[PDB]
Amino acid sequence: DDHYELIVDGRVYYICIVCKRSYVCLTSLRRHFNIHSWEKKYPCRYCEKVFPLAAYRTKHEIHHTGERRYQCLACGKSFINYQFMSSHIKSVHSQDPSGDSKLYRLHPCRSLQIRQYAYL
DNA sequence: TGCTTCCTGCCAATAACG
DNA sequence: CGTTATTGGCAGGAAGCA
Ligand SMILES: [Cl-]
Ligand SMILES: [Zn+2]
Ligand SMILES: [Zn+2]
Ligand SMILES: [Zn+2]
């Protein structure tokens, strides 16, 4: 159908037929495969752009609304995504957000309707 | 070479099923 | 509506880009 399997050292991999990318998760292969098939379409609700993954569309739509969900706990500045937040904390505070301390807060998404993670 | 978007393991939230 | 399947949000490194 849309994949074959490699089994190496007991570990199972799922291989896309088209580009031969390997996936540990079958769910990942399927998510990825839409890029080839365009079976599903994820159109920005604010403009003409269309995405092959739902999450790509959501991250894009956040740019339309201007919501700043990522907040630096050291100085309070907020950022639209992880990358700007991380870049700020490393350059300005000389600390790594992926270290063993919580240096930022991810606020819930309020400018769009997306599913809510209870831990935020 | 510093923004910008992509990528995929993981799994909570949601949907589908029966 | 309780059990199973699916969706897609998240991190944070990778890749794209000018
Ligand atoms: Cl905001
Ligand atoms: Zn592929
Ligand atoms: Zn748009
Ligand atoms: Zn700060």
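So that the names make sense, note that chain A is the first sequence line, chain B the second, and so on, each numbered from 1.
Counting non-hydrogen atoms under 4.0 angstrom, A/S86 reaches nothing in the nucleic acid. At a threshold of 4.0 angstrom between heavy atoms, the contacts of A/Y14 with the nucleic acid are absent. As judged by a 4.0 angstrom heavy-atom cut-off over every strand, A/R57 is placed among residues making no nucleic acid contact. A/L120 comes within 4.0 angstrom of the backbone, heavy atoms only, and of no base.
For the residue pair A/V18 and A/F33, the shortest heavy atom distance occurs at CG2-CE1, 4.1 Å.
Taking CZ of A/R68 as the reference point, atom OG of A/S111 lies at 12.0 Å (rounded to 0.5 Å). Atoms CD1 and CG, from A/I17 and A/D2 in turn, are 6.0 Å apart once rounded to the nearest 0.5 Å.
Looking only at side-chain heavy atoms (C-beta outward), A/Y14 and A/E5 come within less than 4.5 Å of each other. For the pair A/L103 and A/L73, the minimum side-chain heavy-atom distance is 4.5 Å or more. A/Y82 has its side chain within reach of A/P97: a pair of non-hydrogen atoms, C-beta onward, lies under 4.5 Å apart. At a threshold of 4.5 Å between non-hydrogen side-chain atoms, the residues A/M85 and A/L106 do not count as touching.
An OP1 or OP2 oxygen of C/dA11 is reached within less than 4.0 angstrom by a side-chain nitrogen or oxygen of A/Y104. Between A/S98 and the phosphate of C/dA11, there is no side-chain N or O to OP1/OP2 separation shorter than 4.0 Å.
Regarding A/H88, its NE2 atom lies at a distance of 16 Å from the P atom of C/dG12, rounded to whole Å. Separating the NE2 atom of A/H107 from the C1' atom of C/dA11 is a distance of 17 Å, rounded to the nearest angstrom. Rounded to whole Å, atom P of B/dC6 lies 11 Å from atom NZ of A/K59. To the nearest angstrom, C1' of C/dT6 lies 11 Å from OH of A/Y42. One interatomic measurement links the two molecules: NZ of A/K90 to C1' of B/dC3, which rounds to 14 Å at whole-angstrom precision. Going from atom CD1 of A/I62 over to atom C1' of B/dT4 covers 16 Å, rounded to whole Å. What separates CD of A/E39 from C1' of C/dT6 is a distance of 13 Å, to the nearest Å. Atoms OH (A/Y82) and P (B/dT4) sit 18 Å apart, rounded to a whole Å.
Note: the hydrophobic cluster containing A/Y13 does not contain A/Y23 (ILVMFWY, side chain heavy atoms under 4.5 Å, direct or indirect links).
For A/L106, whose side chain is taken as the heavy atoms from C-beta onward, the closest listed nucleotide among B/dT4, B/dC6, C/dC10 is C/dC10.
An end-to-end axis angle of 40° holds for the helix from B/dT1-C/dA18 to B/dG18-C/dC1, taken from five base pairs per end and rounded to 10°.
A/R30 CZ: more than 12 foreign heavy atoms inside a 6.0 Å radius. Within 6.0 Å of atom CD in A/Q113, 12 or fewer heavy atoms from other residues, nucleotides or ligands are found, so the atom counts as exposed in its surroundings.
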Listing time: all N or O pairs from protein to nucleotides 8-13 of chain B that are below 3.5 Å?
from   : atom 1 : to     : atom 2 : distance (Å)
B/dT8  : OP1    : A/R21  : NH1    : 3.4
B/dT8  : OP2    : A/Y23  : OH     : 2.6
B/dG9  : OP1    : A/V24  : N      : 3.0
B/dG9  : OP2    : A/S28  : OG     : 2.6
B/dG9  : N7     : A/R31  : NH2    : 3.2
B/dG9  : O6     : A/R31  : NH1    : 3.0
B/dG9  : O6     : A/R31  : NH2    : 3.3
B/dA13 : OP1    : A/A118 : N      : 3.1

